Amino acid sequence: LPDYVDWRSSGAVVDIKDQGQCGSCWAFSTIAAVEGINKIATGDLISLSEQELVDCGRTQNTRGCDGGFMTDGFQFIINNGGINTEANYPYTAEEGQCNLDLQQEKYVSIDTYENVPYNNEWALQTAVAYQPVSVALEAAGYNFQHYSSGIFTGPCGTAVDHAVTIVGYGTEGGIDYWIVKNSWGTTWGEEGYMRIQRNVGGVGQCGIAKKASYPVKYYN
């Protein structure tokens, strides 16, 4: 595999967003992954609708601002036959009624989605070498929350309480890292991103390798 991957450098990453006062992180992670594979397969970067997932992708497990699962995000897009744009169905950071007309406007679609084999950074690296990957990690700790620069090495737990998107990886000073796109806006971390330690084994740093998945498009 390549020694360095950065999906931002090839225009497969939309500018950093902010989920605000809403636990919709699962939706931002879904969308950032979908945005990435669309660019990769079609050559066009389109910013897509998190609100649509919040409002229209409710399941038994996925509940708008009260948390959810990227797998439910991908399923909704598959089942719906696509997703509308950010501009057409803008983000409000509150759970609203599903706008059926906007739900019927489909600008980007995916064919399927896949789970990365759990607790396998090598398999995660393989997936990331090909596209951005949706992951969940433990982001509630003081240090994760106040991260502003460098490579994050903890401390953190391993409960997957917050979804983000891996948009790359590399090495600096002999330390391997993942590049993580967060949805806490540009004032957190390295203008919204975090470099977090890679190749630590097991569940990955802050449990990053526990619940990884990515959307699939058959044709390039």
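The numbering used is simple: start at 1 and walk along the sequence shown.
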Checklist outcome for this item: With B-factors read from the PDB entry, the higher C-alpha mean of 157-165 and 180-188 is in 157-165
Checklist entry - For the C-alpha atoms alone, is the average B factor greater in 103-111 or in 137-145, going by the entry? => result 103-111
Item to check | Peak C-alpha temperature factor (PDB record), options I37, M194, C65, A27 | outcome: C65
Checklist entry - Taking the entry's C-alpha B-factors for this chain, is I83 in the lowest, middle or highest third? => result middle
Next on the checklist: Quick check for you: using the entry's CA B-factors within this chain, is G96 in the lowest, middle or highest third?
Outcome noted: highest
Next on the checklist: Please place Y214 in the lowest, middle or highest third of its chain according to the CA B-factor in the PDB entry.
Outcome noted: lowest
Next on the checklist: Considering every modelled residue of the chain and its Cα B-factor in the PDB entry, is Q21 in the lowest, middle or highest third?
Outcome noted: highest
Item to check | Chain third (lowest, middle, highest) by recorded CA B-factor, residue given as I31 | outcome: lowest
